[PDB]
Amino acid sequence: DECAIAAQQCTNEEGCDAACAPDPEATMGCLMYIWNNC
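Rules and cut-offs
Residues numbered from 1 in each chain as written, not as in the entry; some residues may be left out. Heavy atoms only, no water. Buried < 20%, exposed > 50% of the residue type's maximum accessible area, 1.4 Å probe, protein only. Helix = DSSP H or I, 4+ residues; strand = E, 2+ residues; numbered from the N terminus. Arc of directions from axis to C-beta. Contact = heavy atoms within 4.5 Å.

Per the deposited record, the coordinates in this entry were obtained by X-ray crystallography to a resolution of 1.363 Å.

Right, dumping it as structure tokens:
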């Protein structure tokens, strides 16, 4: 999962957007993850 991989790797906010497109739900998860855990 490209989005889960981006989140787990502590990408930045642009990284979440690019890795999780076109899914706003996954993108949101990625942002929540990096803001809380990174």
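(A) Just helix α2 (residues 13-20), in detail. Within the sequence span of α2, burial applies to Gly-15, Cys-16, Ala-19 and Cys-20. The arc enclosing the buried residues of α2, seen along the axis, measures out at 105°, which places them on a common side. Along α2, the residues that are exposed and aim more than 90 degrees away from the buried face are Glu-14 and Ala-18. Each element contacted by the buried residues of α2 is listed here: α1 (2-8) and α3 (24-37).

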